[PDB]
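Here you get one chain, nothing else, as structure tokens; it is the form deposited in one PDB entry.
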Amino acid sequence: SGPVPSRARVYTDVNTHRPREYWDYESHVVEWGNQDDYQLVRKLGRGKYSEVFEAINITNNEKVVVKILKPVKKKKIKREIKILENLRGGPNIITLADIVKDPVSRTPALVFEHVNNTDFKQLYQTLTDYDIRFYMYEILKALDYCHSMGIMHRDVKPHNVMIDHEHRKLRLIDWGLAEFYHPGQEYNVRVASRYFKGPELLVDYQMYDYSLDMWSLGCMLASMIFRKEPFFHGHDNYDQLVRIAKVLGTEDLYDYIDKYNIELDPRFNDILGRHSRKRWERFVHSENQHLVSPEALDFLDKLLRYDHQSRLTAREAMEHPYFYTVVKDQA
């Protein structure tokens, strides 16, 4: 027999109740603006899928950010655009302002609201205990929103969480890997950065859901409170699961594989070994103890579960004691 099916615990059928055009992005028609409205100022970054620039909208003198896409299948561009338009205006979601056809590359360019970024490699070393709870709460607002809208991000990691620390503002960016959740759909497991891939991706379990983003969030939280980046530091996708298993233990891993009748890649046989579940105290030391508390460890533990069905939802996470003071201040 094959793998046991799975469905999201929450927001399971939200896309089914929408009109088909909400999620049928292959049939999305792109609304193009005027590429002459924008003059590039300077380059801000580059990646495998795009280059990102500061630009000026010369019709109103507004600063914007322009993401010029490298060649990719048009259906992937339609996907990202449709998701950005669906999520526009949601809390802490980057705002897509315009779409233009770049004259040189002949590829699309997405135009986004400007947001000032403090690079995480400089910010994360100055964050207080309170800052981490605050910004984790703000990320959870974006994840609960997009999940409630039927969308999983699938690429949650520090580079995709832009933080203007001076104004305590945060935006979840790069929706190029995001997808619509449909019950029973089997998804590509070649998503997310290595260090943030959930166990379902590493064992090739395709019927995953929003809870994938909650694993990635737990990896971010561990790296911030323990000041260890990345927290699970694998050499490849196989070794990545080994690094997880040396912390979470192999017993719950094999229980997970058994529960969903997952056929484990035979490469894993010789490398996973047998490992006890470790106590989080072993990652606490004098340089990070001010960021670690019983509340943080309880919250972290409830995110980092092999069984995607047993991880906190974004809404459950927001109600955890770790956020009581953040919640009280925001009232």
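Quick note: we count residues from 1 along the sequence shown, nothing fancier. For the two forms, the rigid core is made up of the largest set of C-alpha atoms that agree within 1.5 Å on superposition. Shifts are known only where both forms have a C-alpha.
Another form exists, deposited with a partner chain bound; not displayed. Remarks below refer to it.
Of the candidate stretches 98 to 106, 245 to 253, 216 to 224, 163 to 171, only 98 to 106 has residues with heavy atoms within 4.5 Å of the partner chain in the entry with it bound. Of the listed positions (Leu272, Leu291, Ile56, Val284), a single one reaches within 4.5 angstroms of the partner chain by any non-hydrogen atom in the entry with it bound, namely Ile56.
Residue contact check for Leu40: one or more of its heavy atoms lie within 4.5 Å of the partner chain in the entry with it bound. None of the heavy atoms of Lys278 is located within 4.5 Å of the partner chain in the entry with it bound. Proximity of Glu51 to the partner chain in the entry with it bound: non-hydrogen atoms within 4.5 Å are present.
Using a 4.5 angstroms limit between non-hydrogen atoms, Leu303 is distant from the partner chain in the entry with it bound.
The putative spot formed by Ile93, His114 and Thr118 is not touched by the partner chain in the entry with it bound; no residue has a non-hydrogen atom within 4.5 angstroms of it. Only one of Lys63, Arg279, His285, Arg46 has its C-alpha shifted by 2 Å or more between this form and the one not shown once the core is superposed, and that residue is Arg46. Comparing the forms between this form and the one not shown on their rigid core, the Cα displacement of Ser105 reaches 2 Å or more. Once both forms are fitted on their core, a CA shift of 2 Å or more is seen for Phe120 between this form and the one not shown. Between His159 and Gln122, the Cα spacing is smaller in the entry with it bound than in the shown form, differing by no less than 3 Å. Expansion of the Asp24-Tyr49 CA spacing by 3 Å or more is recorded in the entry with it bound, set against this form. Against the superposed rigid core, the consecutive-residue runs (3 or more long) showing CA movement of at least 2 Å between this form and the one not shown span 45 to 49, 102 to 106, 117 to 122.
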